[PDB]
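Data file: coords-v1.txt. Format and content: compact mmCIF, N, CA and C atoms.
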# COMPACT_ATOMS: atom_id res chain seq x y z
N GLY A 79 14.68 -77.39 -99.75
CA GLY A 79 13.50 -78.08 -100.23
C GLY A 79 12.25 -77.73 -99.45
N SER A 80 12.04 -78.43 -98.33
CA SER A 80 10.87 -78.19 -97.49
C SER A 80 11.07 -78.80 -96.11
N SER A 81 10.12 -78.54 -95.21
CA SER A 81 10.19 -79.06 -93.85
C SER A 81 9.01 -80.00 -93.58
N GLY A 82 7.81 -79.56 -93.93
CA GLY A 82 6.63 -80.37 -93.71
C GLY A 82 5.61 -79.69 -92.82
N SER A 83 5.45 -80.20 -91.61
CA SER A 83 4.50 -79.64 -90.66
C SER A 83 4.94 -78.24 -90.21
N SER A 84 4.06 -77.55 -89.49
CA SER A 84 4.35 -76.21 -89.01
C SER A 84 5.26 -76.26 -87.79
N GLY A 85 4.79 -76.90 -86.73
CA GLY A 85 5.57 -77.01 -85.51
C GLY A 85 5.30 -75.88 -84.54
N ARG A 86 6.36 -75.23 -84.08
CA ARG A 86 6.23 -74.12 -83.14
C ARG A 86 5.17 -73.13 -83.61
N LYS A 87 4.86 -72.16 -82.76
CA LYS A 87 3.87 -71.14 -83.09
C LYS A 87 4.50 -69.98 -83.84
N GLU A 88 5.63 -69.50 -83.33
CA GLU A 88 6.34 -68.38 -83.95
C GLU A 88 6.49 -68.61 -85.45
N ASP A 89 6.74 -69.85 -85.84
CA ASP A 89 6.90 -70.20 -87.25
C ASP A 89 5.97 -69.37 -88.12
N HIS A 90 4.67 -69.48 -87.86
CA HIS A 90 3.67 -68.74 -88.62
C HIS A 90 3.81 -67.24 -88.39
N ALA A 91 4.22 -66.87 -87.19
CA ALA A 91 4.39 -65.46 -86.84
C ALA A 91 5.46 -64.81 -87.72
N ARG A 92 6.57 -65.51 -87.91
CA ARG A 92 7.67 -65.00 -88.72
C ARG A 92 7.30 -65.01 -90.20
N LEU A 93 6.56 -66.04 -90.61
CA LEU A 93 6.14 -66.17 -92.00
C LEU A 93 5.18 -65.05 -92.39
N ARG A 94 4.21 -64.78 -91.51
CA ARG A 94 3.23 -63.73 -91.76
C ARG A 94 3.86 -62.35 -91.62
N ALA A 95 4.67 -62.17 -90.58
CA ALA A 95 5.33 -60.90 -90.33
C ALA A 95 6.33 -60.58 -91.45
N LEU A 96 7.12 -61.57 -91.82
CA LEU A 96 8.12 -61.39 -92.87
C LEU A 96 7.45 -61.15 -94.22
N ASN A 97 6.44 -61.96 -94.53
CA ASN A 97 5.72 -61.83 -95.79
C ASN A 97 5.03 -60.47 -95.89
N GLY A 98 4.35 -60.08 -94.82
CA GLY A 98 3.66 -58.80 -94.80
C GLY A 98 4.61 -57.63 -94.71
N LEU A 99 5.67 -57.79 -93.92
CA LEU A 99 6.67 -56.74 -93.75
C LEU A 99 7.33 -56.39 -95.08
N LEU A 100 7.77 -57.41 -95.80
CA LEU A 100 8.42 -57.21 -97.09
C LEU A 100 7.44 -56.66 -98.12
N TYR A 101 6.20 -57.14 -98.06
CA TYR A 101 5.16 -56.70 -98.98
C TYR A 101 4.81 -55.23 -98.75
N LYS A 102 4.71 -54.85 -97.48
CA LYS A 102 4.39 -53.48 -97.11
C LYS A 102 5.58 -52.55 -97.35
N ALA A 103 6.77 -53.03 -97.00
CA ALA A 103 7.99 -52.25 -97.18
C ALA A 103 8.33 -52.10 -98.66
N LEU A 104 8.19 -53.19 -99.41
CA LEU A 104 8.49 -53.18 -100.84
C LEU A 104 7.56 -52.22 -101.58
N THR A 105 6.26 -52.35 -101.33
CA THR A 105 5.28 -51.49 -101.98
C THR A 105 5.44 -50.04 -101.54
N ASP A 106 5.92 -49.84 -100.32
CA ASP A 106 6.13 -48.50 -99.79
C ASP A 106 7.22 -47.77 -100.56
N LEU A 107 8.29 -48.49 -100.87
CA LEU A 107 9.41 -47.91 -101.61
C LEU A 107 8.99 -47.51 -103.02
N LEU A 108 8.08 -48.29 -103.60
CA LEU A 108 7.59 -48.01 -104.95
C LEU A 108 6.61 -46.85 -104.94
N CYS A 109 6.41 -46.25 -103.77
CA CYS A 109 5.50 -45.13 -103.62
C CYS A 109 6.24 -43.80 -103.79
N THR A 110 7.51 -43.79 -103.40
CA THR A 110 8.33 -42.58 -103.51
C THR A 110 9.45 -42.77 -104.52
N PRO A 111 9.42 -41.95 -105.59
CA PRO A 111 10.43 -42.00 -106.65
C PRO A 111 11.79 -41.50 -106.18
N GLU A 112 11.88 -41.16 -104.90
CA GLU A 112 13.13 -40.67 -104.33
C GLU A 112 14.28 -41.64 -104.61
N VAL A 113 14.07 -42.91 -104.28
CA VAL A 113 15.08 -43.93 -104.49
C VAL A 113 14.90 -44.61 -105.85
N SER A 114 13.71 -45.15 -106.07
CA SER A 114 13.40 -45.83 -107.32
C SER A 114 12.78 -44.87 -108.33
N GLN A 115 13.60 -43.95 -108.83
CA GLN A 115 13.13 -42.96 -109.80
C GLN A 115 12.62 -43.65 -111.07
N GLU A 116 13.40 -44.59 -111.58
CA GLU A 116 13.02 -45.32 -112.79
C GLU A 116 11.79 -46.19 -112.53
N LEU A 117 11.77 -46.86 -111.38
CA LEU A 117 10.66 -47.73 -111.02
C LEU A 117 9.35 -46.94 -110.96
N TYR A 118 9.37 -45.82 -110.25
CA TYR A 118 8.18 -44.98 -110.12
C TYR A 118 7.65 -44.58 -111.49
N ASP A 119 8.52 -44.02 -112.31
CA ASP A 119 8.14 -43.59 -113.66
C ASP A 119 7.28 -44.64 -114.34
N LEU A 120 7.52 -45.90 -114.00
CA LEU A 120 6.77 -47.01 -114.58
C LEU A 120 5.39 -47.14 -113.94
N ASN A 121 5.31 -46.80 -112.65
CA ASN A 121 4.05 -46.87 -111.92
C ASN A 121 3.68 -48.32 -111.63
N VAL A 122 4.64 -49.09 -111.13
CA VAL A 122 4.41 -50.49 -110.80
C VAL A 122 3.71 -50.63 -109.46
N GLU A 123 2.95 -51.72 -109.30
CA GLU A 123 2.23 -51.97 -108.06
C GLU A 123 2.19 -53.47 -107.75
N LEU A 124 2.79 -53.85 -106.62
CA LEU A 124 2.82 -55.25 -106.21
C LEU A 124 1.41 -55.81 -106.08
N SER A 125 1.30 -57.13 -106.17
CA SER A 125 0.01 -57.80 -106.07
C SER A 125 0.06 -58.93 -105.04
N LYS A 126 1.16 -59.66 -105.03
CA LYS A 126 1.34 -60.77 -104.10
C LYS A 126 2.81 -61.13 -103.96
N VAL A 127 3.19 -61.60 -102.77
CA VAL A 127 4.57 -61.99 -102.51
C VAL A 127 4.67 -63.45 -102.10
N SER A 128 5.53 -64.20 -102.77
CA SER A 128 5.72 -65.61 -102.48
C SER A 128 7.04 -65.85 -101.76
N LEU A 129 6.95 -66.27 -100.50
CA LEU A 129 8.14 -66.54 -99.70
C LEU A 129 8.31 -68.03 -99.46
N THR A 130 9.56 -68.49 -99.52
CA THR A 130 9.86 -69.91 -99.31
C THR A 130 9.64 -70.31 -97.85
N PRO A 131 9.33 -71.59 -97.64
CA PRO A 131 9.08 -72.13 -96.29
C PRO A 131 10.36 -72.19 -95.46
N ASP A 132 11.50 -72.33 -96.13
CA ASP A 132 12.78 -72.41 -95.44
C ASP A 132 13.29 -71.01 -95.09
N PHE A 133 12.52 -69.99 -95.47
CA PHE A 133 12.90 -68.61 -95.20
C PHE A 133 14.21 -68.25 -95.89
N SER A 134 14.50 -68.95 -96.98
CA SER A 134 15.73 -68.71 -97.74
C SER A 134 15.50 -67.66 -98.82
N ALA A 135 14.85 -68.07 -99.91
CA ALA A 135 14.57 -67.17 -101.02
C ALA A 135 13.22 -66.49 -100.84
N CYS A 136 13.11 -65.25 -101.31
CA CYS A 136 11.87 -64.49 -101.20
C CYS A 136 11.40 -64.03 -102.57
N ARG A 137 10.41 -64.72 -103.12
CA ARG A 137 9.86 -64.38 -104.43
C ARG A 137 8.75 -63.35 -104.30
N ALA A 138 8.70 -62.42 -105.25
CA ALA A 138 7.68 -61.37 -105.24
C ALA A 138 7.05 -61.22 -106.62
N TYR A 139 5.72 -61.22 -106.65
CA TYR A 139 4.99 -61.09 -107.91
C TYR A 139 4.48 -59.66 -108.09
N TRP A 140 4.70 -59.10 -109.28
CA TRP A 140 4.27 -57.75 -109.58
C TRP A 140 3.42 -57.72 -110.85
N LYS A 141 2.40 -56.87 -110.86
CA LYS A 141 1.52 -56.74 -112.01
C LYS A 141 2.31 -56.44 -113.28
N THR A 142 2.29 -57.37 -114.22
CA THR A 142 3.01 -57.20 -115.48
C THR A 142 2.05 -56.92 -116.63
N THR A 143 2.60 -56.45 -117.75
CA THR A 143 1.79 -56.15 -118.92
C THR A 143 1.64 -57.37 -119.82
N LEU A 144 0.96 -57.19 -120.95
CA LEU A 144 0.74 -58.28 -121.89
C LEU A 144 1.73 -58.20 -123.05
N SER A 145 2.94 -57.74 -122.75
CA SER A 145 3.98 -57.61 -123.77
C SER A 145 5.35 -57.99 -123.20
N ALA A 146 5.97 -58.99 -123.81
CA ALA A 146 7.28 -59.46 -123.36
C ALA A 146 8.29 -58.31 -123.35
N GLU A 147 8.24 -57.47 -124.38
CA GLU A 147 9.16 -56.34 -124.49
C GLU A 147 9.00 -55.40 -123.30
N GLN A 148 7.75 -55.09 -122.96
CA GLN A 148 7.46 -54.20 -121.84
C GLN A 148 7.86 -54.84 -120.52
N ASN A 149 7.51 -56.11 -120.35
CA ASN A 149 7.84 -56.83 -119.12
C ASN A 149 9.35 -56.96 -118.95
N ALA A 150 10.05 -57.16 -120.06
CA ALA A 150 11.50 -57.29 -120.04
C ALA A 150 12.16 -56.01 -119.53
N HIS A 151 11.77 -54.88 -120.11
CA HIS A 151 12.33 -53.59 -119.72
C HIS A 151 12.04 -53.30 -118.25
N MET A 152 10.79 -53.47 -117.85
CA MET A 152 10.39 -53.23 -116.47
C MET A 152 11.11 -54.18 -115.52
N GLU A 153 11.16 -55.46 -115.89
CA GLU A 153 11.81 -56.47 -115.07
C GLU A 153 13.30 -56.16 -114.92
N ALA A 154 13.91 -55.69 -116.00
CA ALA A 154 15.33 -55.35 -115.99
C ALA A 154 15.62 -54.20 -115.03
N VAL A 155 14.78 -53.17 -115.09
CA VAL A 155 14.94 -52.00 -114.23
C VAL A 155 14.60 -52.34 -112.78
N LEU A 156 13.51 -53.08 -112.59
CA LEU A 156 13.07 -53.47 -111.26
C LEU A 156 14.06 -54.44 -110.62
N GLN A 157 14.58 -55.36 -111.42
CA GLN A 157 15.54 -56.35 -110.93
C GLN A 157 16.81 -55.66 -110.42
N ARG A 158 17.39 -54.80 -111.25
CA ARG A 158 18.60 -54.09 -110.88
C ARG A 158 18.33 -53.12 -109.73
N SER A 159 17.06 -52.80 -109.52
CA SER A 159 16.67 -51.89 -108.45
C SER A 159 16.25 -52.65 -107.20
N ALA A 160 16.59 -53.93 -107.16
CA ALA A 160 16.26 -54.78 -106.02
C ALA A 160 17.34 -54.71 -104.94
N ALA A 161 18.58 -54.98 -105.34
CA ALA A 161 19.70 -54.94 -104.41
C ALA A 161 19.60 -53.75 -103.47
N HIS A 162 19.56 -52.55 -104.05
CA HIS A 162 19.46 -51.33 -103.26
C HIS A 162 18.23 -51.36 -102.35
N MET A 163 17.11 -51.79 -102.91
CA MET A 163 15.86 -51.87 -102.15
C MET A 163 16.03 -52.75 -100.92
N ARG A 164 16.72 -53.88 -101.09
CA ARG A 164 16.95 -54.81 -99.99
C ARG A 164 17.63 -54.10 -98.82
N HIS A 165 18.63 -53.29 -99.13
CA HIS A 165 19.37 -52.55 -98.10
C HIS A 165 18.47 -51.53 -97.42
N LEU A 166 17.66 -50.83 -98.21
CA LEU A 166 16.75 -49.82 -97.68
C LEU A 166 15.82 -50.42 -96.63
N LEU A 167 15.44 -51.67 -96.84
CA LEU A 167 14.55 -52.36 -95.91
C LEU A 167 15.30 -52.79 -94.65
N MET A 168 16.55 -53.21 -94.83
CA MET A 168 17.38 -53.64 -93.71
C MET A 168 17.25 -52.68 -92.54
N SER A 169 17.19 -51.39 -92.84
CA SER A 169 17.07 -50.36 -91.81
C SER A 169 16.17 -50.84 -90.67
N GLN A 170 15.02 -51.42 -91.03
CA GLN A 170 14.07 -51.91 -90.05
C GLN A 170 14.68 -53.06 -89.24
N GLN A 171 15.26 -52.73 -88.09
CA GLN A 171 15.87 -53.73 -87.23
C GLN A 171 14.89 -54.85 -86.91
N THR A 172 13.63 -54.48 -86.67
CA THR A 172 12.60 -55.45 -86.36
C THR A 172 12.78 -56.74 -87.16
N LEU A 173 13.12 -56.59 -88.43
CA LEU A 173 13.32 -57.73 -89.31
C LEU A 173 14.55 -58.53 -88.89
N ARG A 174 14.34 -59.80 -88.57
CA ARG A 174 15.44 -60.67 -88.15
C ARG A 174 16.37 -60.97 -89.31
N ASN A 175 15.89 -61.77 -90.26
CA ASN A 175 16.69 -62.13 -91.43
C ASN A 175 15.98 -61.73 -92.72
N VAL A 176 16.63 -60.88 -93.51
CA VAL A 176 16.07 -60.42 -94.77
C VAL A 176 16.69 -61.15 -95.95
N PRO A 177 15.98 -62.16 -96.46
CA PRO A 177 16.45 -62.96 -97.60
C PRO A 177 16.44 -62.17 -98.91
N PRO A 178 17.04 -62.75 -99.95
CA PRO A 178 17.12 -62.12 -101.27
C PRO A 178 15.76 -62.05 -101.96
N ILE A 179 15.45 -60.89 -102.53
CA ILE A 179 14.18 -60.69 -103.22
C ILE A 179 14.31 -61.00 -104.71
N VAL A 180 13.40 -61.82 -105.22
CA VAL A 180 13.41 -62.19 -106.63
C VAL A 180 12.05 -61.96 -107.27
N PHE A 181 12.01 -61.08 -108.27
CA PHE A 181 10.76 -60.78 -108.97
C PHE A 181 10.46 -61.83 -110.03
N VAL A 182 9.23 -62.32 -110.03
CA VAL A 182 8.81 -63.33 -111.00
C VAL A 182 7.57 -62.89 -111.76
N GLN A 183 7.53 -63.19 -113.05
CA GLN A 183 6.40 -62.82 -113.89
C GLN A 183 5.17 -63.65 -113.55
N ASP A 184 4.05 -62.98 -113.32
CA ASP A 184 2.81 -63.66 -112.98
C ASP A 184 2.34 -64.55 -114.13
N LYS A 185 2.19 -63.95 -115.31
CA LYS A 185 1.75 -64.69 -116.49
C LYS A 185 2.94 -65.33 -117.20
N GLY A 186 3.88 -65.84 -116.42
CA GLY A 186 5.06 -66.47 -117.00
C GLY A 186 4.70 -67.44 -118.11
N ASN A 187 4.81 -66.98 -119.35
CA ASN A 187 4.50 -67.82 -120.50
C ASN A 187 5.20 -69.17 -120.40
N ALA A 188 4.49 -70.16 -119.87
CA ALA A 188 5.04 -71.50 -119.71
C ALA A 188 4.23 -72.52 -120.50
N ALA A 189 4.81 -73.00 -121.61
CA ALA A 189 4.14 -73.98 -122.45
C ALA A 189 4.97 -75.26 -122.57
N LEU A 190 4.66 -76.23 -121.71
CA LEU A 190 5.38 -77.50 -121.72
C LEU A 190 4.40 -78.67 -121.81
N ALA A 191 4.18 -79.17 -123.02
CA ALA A 191 3.28 -80.29 -123.24
C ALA A 191 3.90 -81.60 -122.76
N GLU A 192 3.07 -82.47 -122.21
CA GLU A 192 3.54 -83.76 -121.70
C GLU A 192 3.16 -84.89 -122.66
N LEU A 193 3.27 -84.62 -123.96
CA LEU A 193 2.94 -85.61 -124.98
C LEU A 193 4.19 -86.38 -125.40
N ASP A 194 4.20 -87.68 -125.10
CA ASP A 194 5.33 -88.53 -125.45
C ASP A 194 4.93 -89.53 -126.54
N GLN A 195 3.83 -90.23 -126.32
CA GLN A 195 3.35 -91.22 -127.28
C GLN A 195 2.31 -90.61 -128.21
N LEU A 196 2.51 -90.80 -129.51
CA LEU A 196 1.59 -90.27 -130.51
C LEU A 196 1.00 -91.39 -131.36
N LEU A 197 -0.07 -92.00 -130.87
CA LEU A 197 -0.73 -93.09 -131.59
C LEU A 197 -2.03 -93.49 -130.90
N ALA A 198 -3.14 -93.31 -131.60
CA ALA A 198 -4.45 -93.65 -131.06
C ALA A 198 -4.55 -95.15 -130.77
N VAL A 199 -4.20 -95.53 -129.55
CA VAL A 199 -4.25 -96.94 -129.15
C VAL A 199 -5.25 -97.15 -128.02
N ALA A 200 -6.17 -98.09 -128.22
CA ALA A 200 -7.18 -98.39 -127.21
C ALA A 200 -7.96 -99.65 -127.58
N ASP A 201 -8.36 -100.41 -126.57
CA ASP A 201 -9.11 -101.64 -126.79
C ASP A 201 -10.61 -101.40 -126.59
N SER A 202 -11.39 -101.70 -127.62
CA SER A 202 -12.84 -101.51 -127.56
C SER A 202 -13.54 -102.29 -128.66
N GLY A 203 -14.73 -102.79 -128.36
CA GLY A 203 -15.49 -103.55 -129.34
C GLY A 203 -16.98 -103.38 -129.19
N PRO A 204 -17.53 -102.35 -129.85
CA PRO A 204 -18.97 -102.05 -129.80
C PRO A 204 -19.81 -103.10 -130.53
N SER A 205 -19.13 -104.06 -131.15
CA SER A 205 -19.82 -105.12 -131.88
C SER A 205 -20.67 -105.97 -130.94
N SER A 206 -21.98 -105.84 -131.06
CA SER A 206 -22.91 -106.59 -130.22
C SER A 206 -22.63 -108.08 -130.30
N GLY A 207 -22.51 -108.59 -131.53
CA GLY A 207 -22.25 -110.00 -131.73
C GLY A 207 -22.59 -110.46 -133.13

In structure tokens, how does this file's structure come out?
Amino acid sequence: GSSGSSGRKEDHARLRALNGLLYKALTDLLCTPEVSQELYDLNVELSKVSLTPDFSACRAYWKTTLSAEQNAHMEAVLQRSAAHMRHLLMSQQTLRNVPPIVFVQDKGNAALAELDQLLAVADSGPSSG
């Protein structure tokens, strides 16, 4: 879930280092089609990485297109190309704990209306008298 306050100093050090390390390492891999041949062909480019406060799950946002079909194909290839990527990063001993990387759609089409009651109800009386 969450912890709350920051606390120690390193806390922020690991959060910034881990967030930046994964962001720099992740984007670096997408630079050479050596490993991610399919990924490169797509020409994907990271934009922002969202890491959990508990240092458990590691979410990453990548520039997506305006087409579900296109995003699906890219997401499918990028997703399956994550596991291997995770190992490639492990090499960097500097990294203490490397959590699982999960790609999430930026423009995640989310339409959830909070309409429960449907009836114009209200008390008012503009009648002067």

By how many Å are CA of residue 124 (chain A) and atom C of residue 171 (chain A) apart?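 Atom-to-atom, CA of residue 124 (chain A) to atom C of residue 171 (chain A), that is 22.8 Å.
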
If DSSP is run on the backbone, what residues of region 165-197 of chain A are alpha helix (DSSP H)? A reply as number ranges by chain would be ideal. A: 165-168

Per residue of region 123-204 of chain A within 7 Å of region 92-106 of chain A, note the shortest atom pair and the distance in Å to one decimal, counting all atoms listed in the file, and order the rows by chain and increasing residue number, as a tab-separated table.
residue	atom	partner	partner_atom	distance
A:123	CA	A:105	CA	6.8
A:124	N	A:105	CA	5.8
A:127	CA	A:101	CA	6.4
A:129	CA	A:97	CA	6.6
A:167	CA	A:103	CA	6.7

Sel. of strand (DSSP E) residues, region 87-188 of chain A, as a PyMOL selection string: chain A and resi 124-129+136-140+179-183

How many Å lie between CA of residue 175 (chain A) and CA of residue 161 (chain A), rounded to one decimal?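 Those two atoms sit 15.1 Å apart.
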
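For the point (8.4, -61.4, -108.3), the residues with at least one atom inside 6 Å, counting only C-alpha atoms, are residues 137, 138, 139, 140, 180, 181 and 182 of chain A.
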
Taking the point (9.1, -53.3, -114.1) as given in the file, collect each protein or nucleic acid residue that comes within 10 Å of it, counting only C-alpha atoms, and present the set as a VMD selection string. chain A and resid 116 to 123 140 to 143 148 to 157 159 181 183

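Across the structure, CA of residue 163 (chain A) and CA of residue 133 (chain A) are spaced 18.4 Å apart.
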
May I have the residues within 7 Å of residue 177 (chain A) as a PyMOL selection string, using only N, CA and C atoms and disregarding those fewer than 4 positions away in the same chain? chain A and resi 133-136

Residue contacts of residue 132 (chain A) (8 Å, only C-alpha atoms) excluding same-chain residues fewer than 3 positions away, as a list in words: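 What passes the distance filter is residues 79, 80, 81 and 135 of chain A.
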